[PDB]
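Quick setup: the structure tokens below cover two forms of a single protein chain, split into structure 1 and structure 2.
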Structure 1
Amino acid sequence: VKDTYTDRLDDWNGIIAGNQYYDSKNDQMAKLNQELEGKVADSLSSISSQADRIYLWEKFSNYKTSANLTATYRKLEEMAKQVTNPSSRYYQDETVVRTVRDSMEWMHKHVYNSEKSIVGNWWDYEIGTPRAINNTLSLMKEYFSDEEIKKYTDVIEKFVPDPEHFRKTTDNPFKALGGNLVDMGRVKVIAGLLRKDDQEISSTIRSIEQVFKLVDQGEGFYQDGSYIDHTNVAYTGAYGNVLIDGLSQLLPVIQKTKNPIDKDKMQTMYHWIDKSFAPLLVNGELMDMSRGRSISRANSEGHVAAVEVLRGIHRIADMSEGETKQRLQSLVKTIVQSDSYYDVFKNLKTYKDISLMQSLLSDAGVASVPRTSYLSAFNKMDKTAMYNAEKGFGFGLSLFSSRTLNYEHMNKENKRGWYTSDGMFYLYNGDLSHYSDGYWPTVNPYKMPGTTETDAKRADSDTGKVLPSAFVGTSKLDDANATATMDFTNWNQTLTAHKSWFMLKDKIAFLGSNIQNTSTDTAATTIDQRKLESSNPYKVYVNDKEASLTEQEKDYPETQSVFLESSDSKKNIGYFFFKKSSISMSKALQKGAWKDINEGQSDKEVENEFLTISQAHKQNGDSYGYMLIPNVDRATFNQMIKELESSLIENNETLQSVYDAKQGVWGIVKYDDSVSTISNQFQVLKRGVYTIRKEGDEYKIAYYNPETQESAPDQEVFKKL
């Protein structure tokens, strides 16, 4: 029956498929249509069509594996999209129409109905499958009766009757928030429209509104931009993605219902975009330290995942007006145009999304200016993101503490992410493909960049842990300078180290002290493990003399500097050791398969060449100290290390500090409340992290106590001499 409910479903169809916007003369759209044509043809040629079958598709035949239910229904959704596309060869095709109708009936009778119980992953029974069923019925509503539609959605109400909780039919339900809560909307708001149920629609929208609240504990968005999910995991880049991607799809529909959301919370969405998402996007890539276990998925590398966020932003811009709309469009435009590695259209899967992106890119009225420098201290999720616009590099610092889990290994995904938050760092430079093209299955998991660890074997079956200490955090002074520290203890309490970082605009100092090891295993810090490009080879210099690296590890005692020289200055990486250090280096081909780190991925072998730099710590009380200087040529690097000759102020068990004389900036980490006199100019008095700038006879101060998560009055922590 035609009514206001169907009017909303028509709008939903324009969003999830957009056939009304299709244009055969539009190159990008025709490409997506061709993809869907191929998928439907494959499904139609392989579908079991015998009497009393045991499965619709052999590839997804074991219905004990819940993933097979969702995969099956998604194949039907693809058919629905094409049968309703005037330009498809399957438009109104009699076999396709009957196949969808008959398939819904078969699954309903033998696989997914109200009499069944969750077997496998609850997600498929409550979100994945219901969304596929909803979209299929919505697109093909003119081929189903209202009675059939209610019949096929009854099961959804059985598994998801309450819009505030998930896993309601199990012995351990949970309160829905964040991304999952948004999916609750794509499940119950649409089912509500299909079932013409006003109560389901209103109550679900009511529950959804919880997503707009700022939290100070638990899952959700924090005032500093952090986003936590799964109790205590940094997750802006995966569950945050779902939240904005799904919410942006629902909003146009919700705002037209009799229960619209107060247009005051959109300001809150704009804040998420600027404070939480934007900082994590560098040259079109979404920082992996915010993506949790999704880093182990081959089809979801950094640039691909980024599109989920970008399309959410451009949809939100479309529902905005004036300046806000134009500025959001500009944000998307500049990020996309800065990405010379990935084609954004490869992950725009609906015609409306393709259309919106094309108009934005071709509209001269929408500004596309390189993004300016920034530095975000996401203390509530223990991550820090830095970007320098003048030199063009991004830096990511991945930590954890007593407040956050180090890594997520669940559903057989991310089996070797053990050290991805043990003070691991990321460098985003001219090689936009660095963390892509198979980086995750080929990187040596025992030597994540920046981490100090022993060489003990680790089990894939292990799961994440929190850190014993709360002394982990970042003190930010401005858009270019900040200081961080991590009171580190390894996974089995056999090694410790006071690790600190000094972000000084165009370089980052890495200091480590109090390194102790009580095990029989060898300890070392991985200075770097950089994935190489066969097209852009590096010329390696040690103490400014060319060195020839081999697969076999070579030792370089008394090293003052290491420089990786590319033909592109924006890919250069230099390391300056404040005090001559004993390191080792190697360049080797590393092989692996995505299945090695994620059970559901391909076992196909992947390979990449990596350059590894490390420093062994054979004695208790050992330390390390070096400056990472990216994006400058060889001569300039050599000049800079001369300028930085005496930049190291101290690096011991209670005090770590680096001074940038050119800027007049100090980075300081104090592990106790003793009076520390710095450069014979001032004194710092409390345990904590500092970033200070001297301007004339004035001092700008940024202090942070990571344990109490508080700053402090100036006179309590600083005193000029």
Structure 2
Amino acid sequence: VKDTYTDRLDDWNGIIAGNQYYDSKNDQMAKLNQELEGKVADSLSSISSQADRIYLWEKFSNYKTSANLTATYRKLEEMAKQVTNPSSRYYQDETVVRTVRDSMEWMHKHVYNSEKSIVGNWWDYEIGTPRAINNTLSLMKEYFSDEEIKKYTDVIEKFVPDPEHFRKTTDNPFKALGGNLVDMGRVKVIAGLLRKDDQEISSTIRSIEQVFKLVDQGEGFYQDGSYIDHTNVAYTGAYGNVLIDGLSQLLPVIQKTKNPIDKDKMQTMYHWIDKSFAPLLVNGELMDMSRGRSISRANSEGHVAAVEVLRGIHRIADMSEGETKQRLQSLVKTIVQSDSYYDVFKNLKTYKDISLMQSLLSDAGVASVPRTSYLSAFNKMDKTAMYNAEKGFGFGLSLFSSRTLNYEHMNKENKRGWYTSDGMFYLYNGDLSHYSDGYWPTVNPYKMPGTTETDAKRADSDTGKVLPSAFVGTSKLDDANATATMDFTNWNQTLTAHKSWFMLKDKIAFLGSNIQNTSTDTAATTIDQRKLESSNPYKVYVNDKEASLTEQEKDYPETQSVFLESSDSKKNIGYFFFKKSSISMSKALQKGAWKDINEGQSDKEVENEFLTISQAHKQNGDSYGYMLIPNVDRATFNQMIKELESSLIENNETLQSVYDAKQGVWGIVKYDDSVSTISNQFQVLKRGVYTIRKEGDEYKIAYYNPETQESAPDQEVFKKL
């Protein structure tokens, strides 16, 4: 019968299938459909149409392998989508309808029911299979009796009776938290409706609400926008993804129920979008430092992953109403339009999503202006993201500490991310493809950009750990100026070094001191390992004289600066050394296959050319000091190098500081509570991080103690002279 429940199921259908939105007029939709058509075809031709069939399909015959149960039901779902798409050749095809109805019965009888026990992977019996069944039944609720629907969904309540636990039928049930909670909604909320059971519906939602909180310790979203999962790993870009992407999928339904979700919880979602996600998106790209082991998945590079997030943000905008709706539509649209490298539509798997995007993209009533500058200090996850709207570039600083793991290596994924958190920095510029197109399987992992390491070999079997020090953090003065530090010690404890970064509106200063080494291995810092474009070659200038780099390596003593020039200034990169340094450089072809960094990935050889710039550290107590200036031409780069003449205030074992005369801003890092005098203007008294701007005779002070994670009174840390 047609009631309020079916109303919710039609919305659900609208979100999963959306045959109502169909339009054979964009390769995207016609493709997806053209694909299912084929799939339903070979599925109907390969099915076992016998009276004593021992299974339904030979490719997924052995039902002791749970993956086979899930796959089987998924073909039925694919049949369910087409049989209800007016444009499909199988639209209302009695053979298909009969096939599903009969396939469901057979399965219910001989393979998946309340009588069986989990054999193989619980995930299949509890999430994978139940989903396919809900969507198949929801989609074809017009070809199924209510009585039948209860019958085929009884097994779901068997393996998944409680909206707070998974594996309640195994000898190790666990509490559903964060991400899996969305699956819980996908499995119970839906069957709740299918069964017209208000309690299951209300219970599940009440439980889904667990995730609508902000936290101050452990897994979850933080007030500064950080997001932690798997105990202490920064994960906004993957597990954070599935939370806003999957949840945006359920919300529309939840709200039109008798159990809407509190408005104070919705406003939190909003806080996540503006505080957690937005800042991690640069030029259609989701910054890798937040994606964890996902960087090693060939099918999930930066721009591709950015789409999971945006399509989620869009779902929220679509269901929001006031300004909120509009300001989010602008966010999605300006960001989508800023990505000239990746076709957003290649990663929109549902007709509704594709539809929503094509409408947004062509609505003029939705302003679409390039985003303004911003600087996020995700101190709760040791990462900083900077974006200068003026010159068009992004900056990612990837750290870790006693509160966070340096890198995740599990399930044979990200086998070589040893140093992607040992001070790694990301520069997002004119080349939107830099961190894609085989970057990960071909980049030299022993030389991650910005890190300080020894040439000791690392094992593919290693796993990450936390840092000994709690002294890692960032002080944000404004949206353009900030300072960060990391009391670094290497993975095997044979090297320490004070690493500091000074983000100053249109450039960042890199400082390292107290470099010590107790191993026999040689130590050096990677100034950069940049992935080059064959189309856009670079011309290199060392001390403003052109140089011809080698595959091998040339040493450049008394180096004052290095300039990587492009025919496009948005891709230009310059390096200024406050003190002439001895660096080495090279340019060579690096080959690697995704399998080397991820077992389940392709062994197909990949290759890219890279420009590597390094500085060796031969004696104890060494240091490095350079300013990275992106997006300006050689003449402007050479002028600015004349301006930052005395920008280096100090770089020693207790104090590191850079001064921007142009802005009247100081970036200071103190490792002790000694009295330090800066520019003969003031003194700073306490161990910590400062970012200071002189406003007339005043001084705006941003102070932060990374160990206690709190600020302090100006009197306590600063003194005018």
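If you superpose the two forms and keep the largest set of C-alpha atoms that fall within 1.5 Å, you have the rigid core. Quick note, the numbers are simply positions in structure 1, starting from 1.
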item	value
Exercise: are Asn490 and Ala298 on one rigid part between structure 1 and structure 2	yes
Degrees turned by the smaller rigid part between structure 1 and structure 2	15
Once the two forms are fitted on their core, CA shift of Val83 between structure 1 and structure 2 in Å	3.6
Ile208: CA movement between structure 1 and structure 2 [superposed on rigid core, Å]	1.1
Rigid core fit between structure 1 and structure 2: Cα deviation of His110 in angstrom	8.2
